[PDB]
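**Q** Opening with a subset of the complex:
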Amino acid sequence: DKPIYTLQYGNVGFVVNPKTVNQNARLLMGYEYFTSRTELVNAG
């Protein structure tokens, strides 16, 4: 409904506070997003 749109680099973060951390513990992120590309001509 309200997409996260940072506008300078470093504007919104995602936080996880763990309680127990083992060896080789990681955090696997997965995003979906909208973006605009280059060659903005729009079917010339």
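**A** Perfect, thanks for sending it. Residues are numbered from 1 along each chain as shown, chains lettered A, B, ... in the order given.
**Q** Tell me where chain A has strands.
**A** Counting by DSSP state E, chain A has no strands at all.
**Q** Residue A:23 versus the most centrally placed residue in chain A, what's the distance?
**A** In chain A, the residue lying closest to the centroid (Cα atoms, centre = their mean) is residue A:31, at 5.8 Å. As judged by Cβ to Cβ, to the nearest Å, residue A:31 and residue A:23 stand 27 Å apart. All C-beta spots, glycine's among them, are computed from the backbone N, C-alpha and C.
**Q** CA atoms only for stretch A:35-44 - export them in CSV, please.
**A** Taking Å, rounded to 0.1, in the frame of the first residue of the first chain, the C-alpha atoms of stretch A:35-44 are listed here in CSV:
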residue,chain,number,x,y,z
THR,A,35,12.1,0.5,-10.8
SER,A,36,12.5,2.6,-13.9
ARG,A,37,15.2,1.8,-16.4
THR,A,38,17.5,3.8,-18.7
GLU,A,39,16.8,4.7,-22.4
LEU,A,40,13.7,6.7,-21.4
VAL,A,41,12.3,7.4,-24.8
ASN,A,42,8.9,5.6,-24.4
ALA,A,43,8.6,3.9,-27.8
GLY,A,44,10.2,6.4,-30.2
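**Q** Include this sequence as chain B:
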Amino acid sequence: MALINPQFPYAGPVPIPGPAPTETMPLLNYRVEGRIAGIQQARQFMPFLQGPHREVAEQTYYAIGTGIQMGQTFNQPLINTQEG
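**A** Let me put chain B in with the others:
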């Protein structure tokens, strides 16, 4: 747009029992005066900044100077006595 049956016609509606006529009439609901309560604060400590941002970063510069320029001991050429 029905067609009248001439062999078996019918008449208009006859009176039937009714639904107690005042109980189909509503009251007009009587609004009292109201108030958006409290004294509102003038400003809010917003979680996002209200100004523009920049998409790309541009390299900035500032001018510097060099230093006091000295002389030099050049290696000097030979004399052009028709060999050169």
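**Q** Pull stretch B:23-41 out as CSV, backbone CA atoms only.
**A** Extracted C-alpha coordinates of stretch B:23-41, given in CSV (Å, rounded to 0.1, in the frame of the first residue of the first chain):
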residue,chain,number,x,y,z
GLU,B,23,-44.7,2.1,12.9
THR,B,24,-43.7,2.9,9.3
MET,B,25,-43.1,6.6,10.2
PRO,B,26,-39.7,7.4,11.7
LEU,B,27,-38.5,10.0,14.2
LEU,B,28,-36.3,12.8,12.9
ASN,B,29,-33.2,11.9,14.9
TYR,B,30,-32.3,15.0,16.9
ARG,B,31,-28.6,16.1,16.7
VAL,B,32,-26.8,17.7,19.7
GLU,B,33,-23.8,20.0,19.3
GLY,B,34,-20.3,18.5,19.2
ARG,B,35,-16.7,19.4,19.4
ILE,B,36,-13.4,18.2,18.1
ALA,B,37,-11.9,17.7,21.6
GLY,B,38,-8.6,18.9,23.0
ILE,B,39,-6.1,21.7,22.3
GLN,B,40,-4.1,20.7,19.2
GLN,B,41,-0.4,20.9,19.1
